[PDB]
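Here the structure is laid out as structure tokens; the discussion comes afterwards.
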Amino acid sequence: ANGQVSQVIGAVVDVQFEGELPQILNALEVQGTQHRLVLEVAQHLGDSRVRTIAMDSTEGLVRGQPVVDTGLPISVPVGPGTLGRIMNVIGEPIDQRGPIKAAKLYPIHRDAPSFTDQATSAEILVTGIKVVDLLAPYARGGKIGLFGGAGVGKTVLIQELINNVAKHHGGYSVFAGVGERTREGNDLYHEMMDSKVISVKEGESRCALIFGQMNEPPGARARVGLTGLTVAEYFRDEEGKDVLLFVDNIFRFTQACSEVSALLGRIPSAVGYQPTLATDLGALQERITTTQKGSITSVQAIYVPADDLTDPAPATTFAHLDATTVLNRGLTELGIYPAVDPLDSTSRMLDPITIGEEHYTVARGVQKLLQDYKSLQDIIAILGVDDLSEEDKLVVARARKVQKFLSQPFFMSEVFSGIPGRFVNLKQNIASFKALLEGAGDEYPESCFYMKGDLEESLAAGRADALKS
Amino acid sequence: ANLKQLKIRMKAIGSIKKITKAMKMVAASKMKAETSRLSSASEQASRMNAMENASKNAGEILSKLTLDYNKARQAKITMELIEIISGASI
Amino acid sequence: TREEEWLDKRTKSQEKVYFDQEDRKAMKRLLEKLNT
Amino acid sequence: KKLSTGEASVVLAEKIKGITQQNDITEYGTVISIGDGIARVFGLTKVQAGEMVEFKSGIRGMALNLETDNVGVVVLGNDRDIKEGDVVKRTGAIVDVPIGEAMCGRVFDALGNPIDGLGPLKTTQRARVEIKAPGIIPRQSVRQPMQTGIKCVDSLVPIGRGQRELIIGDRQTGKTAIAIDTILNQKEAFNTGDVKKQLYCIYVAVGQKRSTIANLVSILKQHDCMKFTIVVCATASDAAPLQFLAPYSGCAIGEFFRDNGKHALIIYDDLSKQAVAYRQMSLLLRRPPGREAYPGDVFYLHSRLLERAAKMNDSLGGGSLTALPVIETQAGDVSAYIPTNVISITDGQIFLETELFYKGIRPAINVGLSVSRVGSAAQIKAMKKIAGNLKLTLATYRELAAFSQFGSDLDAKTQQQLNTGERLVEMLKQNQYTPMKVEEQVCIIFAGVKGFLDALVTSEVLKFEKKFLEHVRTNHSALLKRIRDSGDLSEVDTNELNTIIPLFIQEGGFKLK
Amino acid sequence: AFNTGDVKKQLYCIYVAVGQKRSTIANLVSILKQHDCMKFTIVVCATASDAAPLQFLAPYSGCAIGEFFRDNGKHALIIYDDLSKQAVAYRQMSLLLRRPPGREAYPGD
Ligand SMILES: Nc1ncnc2c1ncn2[C@@H]1O[C@H](COP(=O)(O)OP(=O)(O)OP(=O)(O)O)[C@@H](O)[C@H]1O
Ligand SMILES: [Mg+2]
């Protein structure tokens with residue numbers, strides 16, 4: 001405890017030290033506080049003084065109060081002990097389930113993987129959803145942007161990804177809530193332990209939760225994302241398995257970084273953001289990649305301020321995104337409850353080289369067929385059906401079947417809907433859509449290709465329907 | 001570029017686009033009646049097509065103007081912030 | 001580039017024509033009525 | 001460099017003289033500079049951040065900047081009193097405010113001093129103004145409604161206890177009106193004695209003249225809705241620090257109820273103004289300004305506040321604290337700094353339009369933008385069903401409104417939807433200071449969604465509402481009692497309602513078509 | 001040209017990448033190795049994780065490598081993956097230096 005608090009300005013705190021000074025980004029601990037108060041070193045002002053950002057409220061501090069130098073950056077407990085446990089930014093348990101069992105404590109800040117350990121020849125991450133694996137494939141170890149309103153399909157889709165990645169793959173998942181509403185956190189935590197995604201009994205709960213509440217000061221909401229990232233890196237390097245990192249909208253992470261920069265006195269950038277927007281964002285986005293041991297695939301929510309795609313935050317973000325999953329409200333109204341839109345959703349990995357020629361052709365054909373149907377819908381609203389030729393009517397029937405087919409049941413929602421889920425595989429998915437474009441199902445009824453896993457299931461139902469009459 | 005003027009111009013084009021869309025609806029209804037009755041229908045058909053084209057063109061311009069309005073908004077935030085910082089430095 | 005001014009001028013001009021004719025009619029009708 | 005405010009000539013002179021007398025530097029301070037309500041104090045070490053200090057005259061201050069050589073204090077009063085050289089003694093305690101039941105029915109200052117003049121305030125204990133919000137575990141799912149009394153809100157934008165709903169709109173759109181209407185509806189339980197429903201109301205006034213506050217209190221006393229509401233006033237004349245503390249003082253008063261298992265509702269009026277006061281203190285302290293000159297932690301200022309409104313689990317008592325922050329948008333643009341922050345913090349927002357206010361739509365609620373995250377979970381079992389259909393019909397009508405002026409030219413079955421939507425919007429209108437019980441809301445919304453209103457003329461919808469409620473209230477009282485106790489619209493009651501409504505429309509004097 | 005040996009036409013190729021994802025550069029090198037076009041290519045990588053000065057400096061380092069060929073009679077082709085990234089990095093360093101920002105917060109220089 002060779003340090004003292006020289007001055008206190010809101011969240012920012014300056015510490016006067018003696019002798020050796022803490023290396024930048026180290027974590028300091030104040031003594032005598034009611035709760036553990038950690039300070040992250042930001043810069044060396046000189047005269048044996050450092051300026052730091054508080055992780056918690058600085059209320060009740062006193063000048064001359066002793067401070068201890070931990071000697072390393074914020075170290076969080078990593079391992080399977082975090083599974084099913086809610087963790088703080090500094091690694092404390094906030095679930096009232098006792099101390100966390102940790103194999104090791106990793107630092108929040110570390111250099112991204114080298115150029116050598118980088119993985120080349122990006123490959124698909126088979127999530128199990130027909131539409132995603134067909135039109136907007138998820139690149140293994142790549143950033144994914146989820147555009148979805150409040151409660152369209154978001155939470156159920158997230159849980160399905162976790163469960164499917166746990167079953168088909170051996171990997172876990174990590175949900176990092178960057179500045180999330182505390183009420184939503186309780187709903188999510190309770191939403192789990194009901195769908196069984198996490199349980200109190202050990203050996204289960206293939207998902208960890210890191211939460212930085214809005215009521216937390218800047219510096220916590222900014223580093224909580226890195227905390228979740230670190231939890232996932234352990235599984236990648238040591239366990240060697242694929243990890244899935246969910247990040248509550250990254251815009252709040254970007255916003256928190258902007259606030260600490262302002263507090264530190266740095267001149268703001270173009271539209272009020274910090275000068276280090278690219279770097280602050282690139283750090284996290286680069287530690288997320290595929291390596292020789294494993295991969296970390298990140299699904300992150302995107303909030304576009306003022307609906308301006310050219311805003312610096314979403315722009316610098318899109319620079320990293322490999323695919324985008326857009327959830328649409330209209331799809332929910334129609335009764336399809338994967339909300340993803342086939343046309344708006346895109347994947348940079350979708351090209352005839354990364355994936356087979358046939359997969360690319362099927363996706364393009366499906367998109368063209370759906371796009372043509374959209375144009376005709378605007379027409380019939382004004383003219384009518386009879387005005388359409390026979391080819392146009394055939395296209396409408398074919399497009400409706402495909403659109404209804406894009407829906408599928410999820411295991412997580414089976415208890416609610418009463419229909420069991422389906423983990424459609426990649427190969428059968430592509431084969432089914434190719435056959436459908438040929439017209440194998442034009443004779444069967446539209447209501448048959450609804451919540452069906454594979455083409456064979458819909459075909460069998462159609463033959464059964466024919467038998468009824 | 002005086003965001004106030006841009007927003008006014010954006011508002012005008014939206015009303016134009018809205019009114020033009022409504023007339024296309026009305027023209028379709030009236031064209032149906034004449035074809036049922038059947039040059040008058042030709043007038044209605046041209047009007048419906050022309051309103052569709054006009055609403056389409058107005059929409060493109062409105063999107064383009066929206067880009068400029070966002071661009072101007074970002075610059076205004078930046079310019080005001082620089083004034084504040086320059087005053088606070090000294 | 002001013003479409004709002006175009007609509008405003010259009011609106012004003014058409015209203016003036018229509019309601020100028022109405023004013024003519026109203027003066028004539030009330031005059032016919034006032035004389036008897 | 002330039003200089004340091006701690007290098008005053010008087011302090012430096014003592015060092016040069018060589019006399020080591022500091023007159024008890026710890027717990028005592030000497031003012032070095034005073035300006036714009038901010039006093040820098042040399043010494044006064046051992047002073048906690050956010051602590052109250054007493055000046056020689058008697059006015060208090062808050063130590064907000066603990067610097068190496070001085071302390072930047074914000075004076076809680078008029079800056080003219082104290083001058084350079086004055087002595088400052090630390091009170092030794094963080095700012096706290098009294099709490100209890102004996103406060104309901106009294107107007108208070110930001111620090112708990114009663115300004116109404118009714119007499120001395122007698123309370124048991126006091127609570128700290130600044131504390132951490134409940135965690136994730138102490139909380140509980142929002143499953144209980146907070147009936148504002150407004151038809152549009154209770155139906156389309158439901159508010160559950162423990163929820164944070166933002167009343168956002170331009171100036172003079174009817175925001176404060178909604179807050180007062182909520183307070184009035186909560187009075188039935190206190191009069192009747194339904195402890196489960198009793199919801200204590202707290203009104204926080206920030207940057208408002210004392211004249212409107214007196215009018216506000218008179219209205220509450222007129223409607224008798226006083227004696228269960230608390231008014232915290234930080235008027236425009238009050239210093240900026242007071243306008244900054246008022247919301248936290250009110251939130252603490254509400255936490256008292258929440259901890260004890262009681263339910264409380266807190267309304268912050270002109271919350272945006274509170275940010276302005278904080279900005280002033282920050283700029284005068286020379287802290288780095290951000291966008292629109294607001295400090296970097298302005299967002300934080302609001303979060304730590306709003307996050308204190310929560311629904312505690314049954315173990316702690318089951319209490320709750322519902323918040324209703326107000327925001328004034330200048331040009332109806334929510335892309336500003338403070339609106340975006342408070343929208344990202346809160347669950348849902350009630351967006352008020354001025355154009356609708358002109359068109360005669362009062363309350364001028366834009367259901368298109370207005371959204372509630374909790375949603376149906378808050379509504380009673382009876383509403384949820386009909387409310388869903390109502391929302392759909394309004395969405396289709398807003399889509400079609402673009403063709404309203406072209407009514408006869410368009411085909412049938414579309415102009416009919418337009419006519420139906422008009423009846424509904426007219427039904428959703430409501431007078432000021434006229435809150436409706438939830439049971440009566442169900443009957444009216446039922447008459448609207450079923451389509452019976454399409455017969456009447458739009459101008460007669462409101463007359464039917466008041467007149468039909470009087471008949472149902474008089475004759476069919478068991479029907480309403482069931483809806484109130486059971487909380488759901490049973491099939492039998494549905495049929496009973498479906499039969500008498502059209503029959504009433506016929507025997508009613510109001511015309512139809 | 002490198003295969004046939006027609007020196008007059010062959011020109012070496014430099015590929016600087018500022019603020020580019022590390023994975024993107026790795027895949028790029030793999031493609032270049034697949035076509036056996038890496039024997040005459042150079043890559044100067046300054047990814048997003050790298051500090052701003054490195055991004056600001058990489059293009060100049062690459063250009064110097066090219067001036068070697070230019071001054072020695074040979075022909076070199078240098079590519080600058082987005083320079084907009086370099087400007088952002090330079091803007092970062094300048095703002096951090098307390099220099100006055102211009103339009104879009106970019107330094108005057
Ligand atoms: N339901 C209503 N029906 C008719 N008039 C109303 C209604 N609600 C409000 N008004 C009137 O609209 C005006 C605004 O009232 P109110 O002060 O409550 O809103 P406000 O936006 O908070 O105003 P301010 O910006 O001054 O705070 C008042 O003139 C009020 O009488
Ligand atoms: Mg008001």
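Each chain of the structure tokens is named A, B, ... in the order shown, its residues numbered from 1; ligands are numbered from 1 in display order.
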Exercise. Taking only C-alpha atoms and all ligand atoms into account, which residues are within 10 Å of ligand 2, as a PyMOL selection string?
Worked result: chain D and resi 171-180+205+208+212+269-270+326-328
Output file for the selection above: C-alpha atoms, as a short mmCIF file (atom, residue, chain, number, x, y, z; two decimals), in the first residue's frame:
```cif
data_model
loop_
_atom_site.label_atom_id
_atom_site.label_comp_id
_atom_site.auth_asym_id
_atom_site.auth_seq_id
_atom_site.Cartn_x
_atom_site.Cartn_y
_atom_site.Cartn_z
CA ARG D 171 -43.06 22.00 -24.75
CA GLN D 172 -46.72 22.33 -23.81
CA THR D 173 -47.87 18.95 -25.09
CA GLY D 174 -49.45 17.59 -21.91
CA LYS D 175 -46.61 15.85 -20.11
CA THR D 176 -47.12 17.21 -16.61
CA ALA D 177 -50.83 16.60 -17.21
CA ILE D 178 -50.29 12.85 -17.55
CA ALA D 179 -48.27 12.78 -14.34
CA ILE D 180 -51.01 14.53 -12.37
CA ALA D 205 -40.05 19.73 -9.59
CA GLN D 208 -40.05 25.26 -12.32
CA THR D 212 -47.09 26.61 -11.02
CA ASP D 269 -40.50 16.88 -13.98
CA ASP D 270 -38.13 18.66 -16.34
CA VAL D 326 -40.02 13.80 -18.16
CA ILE D 327 -38.03 15.12 -21.11
CA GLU D 328 -38.60 18.22 -23.23
#
```
Could you work out which residues of chain D fall inside 7 Å of chain B? Count only C-alpha atoms, and format the result as a short mmCIF file (atom, residue, chain, number, x, y, z; two decimals) with N, CA and C atoms, in the first residue's frame.
```cif
data_model
loop_
_atom_site.label_atom_id
_atom_site.label_comp_id
_atom_site.auth_asym_id
_atom_site.auth_seq_id
_atom_site.Cartn_x
_atom_site.Cartn_y
_atom_site.Cartn_z
N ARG D 291 -20.16 16.78 -25.73
CA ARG D 291 -21.15 17.23 -26.70
C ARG D 291 -22.17 18.14 -26.04
N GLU D 292 -22.51 19.23 -26.73
CA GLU D 292 -23.43 20.23 -26.20
C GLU D 292 -22.98 20.74 -24.84
N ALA D 293 -21.67 20.72 -24.61
CA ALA D 293 -21.04 21.18 -23.39
C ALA D 293 -21.41 20.34 -22.18
N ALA D 402 -52.59 8.03 -44.94
CA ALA D 402 -52.02 8.75 -46.07
C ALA D 402 -53.03 8.98 -47.18
N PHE D 403 -54.14 8.24 -47.19
CA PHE D 403 -55.16 8.38 -48.22
C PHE D 403 -56.47 8.90 -47.65
N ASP D 409 -63.19 8.37 -53.34
CA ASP D 409 -62.57 7.87 -54.57
C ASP D 409 -62.04 6.46 -54.38
N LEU D 410 -61.52 6.15 -53.20
CA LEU D 410 -61.01 4.81 -52.95
C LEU D 410 -62.16 3.82 -52.80
N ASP D 411 -61.85 2.55 -53.04
CA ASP D 411 -62.86 1.51 -52.99
C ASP D 411 -63.34 1.27 -51.56
#
```
For this session: For chain D, report every residue with an atom at most 6 Å from chain A (counting only C-alpha atoms), formatted as a list in words.
Result: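 Within 6 Å of chain A on chain D, we get residues 46, 48, 49, 65, 66, 67, 68, 136, 288, 291, 296, 303, 304 and 335 of chain D.
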Problem set entry | Atom-to-atom span, atom CA of residue A:412 and atom CA of residue A:343, Å | 25.8 Å
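Atom CA of residue A:148 sits 22.0 Å away from atom CA of residue D:366.
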Problem set entry | Contact residues (chain B, partner chain C, 10 Å, only C-alpha atoms) as an NGL selection string | :B and (5-6 or 8-13 or 15-16)
Include C-alpha atoms and write out the residues we just selected as a short mmCIF file (atom, residue, chain, number, x, y, z; two decimals), in the first residue's frame.
```cif
data_model
loop_
_atom_site.label_atom_id
_atom_site.label_comp_id
_atom_site.auth_asym_id
_atom_site.auth_seq_id
_atom_site.Cartn_x
_atom_site.Cartn_y
_atom_site.Cartn_z
CA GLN B 5 -33.94 24.35 -44.68
CA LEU B 6 -33.04 20.75 -45.50
CA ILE B 8 -38.28 21.77 -44.68
CA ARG B 9 -37.34 20.53 -48.15
CA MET B 10 -37.45 16.95 -46.88
CA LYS B 11 -40.92 17.55 -45.44
CA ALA B 12 -42.17 19.04 -48.71
CA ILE B 13 -40.98 16.09 -50.78
CA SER B 15 -45.97 15.40 -48.77
CA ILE B 16 -45.50 15.41 -52.55
#
```
For this session: Pick out the residues sitting within 9 Å of residue B:79, and hand them over as a list in words; count only C-alpha atoms, and ignore anything fewer than 6 positions along from it in its own chain.
Result: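 With the cut-off at 9 Å, the set is residues 270 and 271 of chain A; 102, 103, 104 and 105 of chain E.
Counting only C-alpha atoms, residue E:19 has the following residues at most 8 Å away, ignoring those fewer than 2 positions along the same chain: residues 17, 21, 46, 47, 48, 49, 50, 55, 82, 85 and 86 of chain E.
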Please report, as a tab-separated table, each residue of chain A lying at most 10 Å from chain E, together with the nearest pair of atoms and the separation in Å rounded to one decimal; use only C-alpha atoms, and order rows by chain and ascending residue number.
```
residue	atom	partner	partner_atom	distance
A:111	CA	E:49	CA	8.1
A:112	CA	E:49	CA	7.1
A:113	CA	E:22	CA	8.8
A:114	CA	E:22	CA	8.4
A:115	CA	E:22	CA	6.7
A:116	CA	E:26	CA	8.3
A:117	CA	E:26	CA	9.7
A:118	CA	E:23	CA	6.3
A:119	CA	E:23	CA	6.9
A:120	CA	E:27	CA	5.0
A:121	CA	E:27	CA	6.1
A:122	CA	E:27	CA	7.9
A:141	CA	E:23	CA	9.5
A:142	CA	E:23	CA	9.2
A:265	CA	E:96	CA	9.5
A:266	CA	E:96	CA	6.3
A:267	CA	E:95	CA	5.9
A:268	CA	E:95	CA	7.6
A:269	CA	E:105	CA	5.9
A:270	CA	E:105	CA	5.0
A:271	CA	E:104	CA	8.1
A:272	CA	E:105	CA	9.9
A:274	CA	E:92	CA	8.5
A:275	CA	E:92	CA	4.8
A:276	CA	E:92	CA	6.3
A:277	CA	E:92	CA	8.9
A:278	CA	E:48	CA	7.2
A:279	CA	E:48	CA	6.1
A:280	CA	E:49	CA	8.4
A:281	CA	E:48	CA	8.6
A:282	CA	E:48	CA	5.2
A:283	CA	E:49	CA	5.0
A:284	CA	E:49	CA	8.4
A:285	CA	E:49	CA	8.5
A:286	CA	E:49	CA	6.4
A:287	CA	E:49	CA	8.5
A:288	CA	E:23	CA	9.9
A:289	CA	E:23	CA	7.2
A:290	CA	E:23	CA	8.1
A:291	CA	E:23	CA	9.6
A:316	CA	E:85	CA	10.0
A:319	CA	E:20	CA	8.7
A:320	CA	E:21	CA	7.3
```
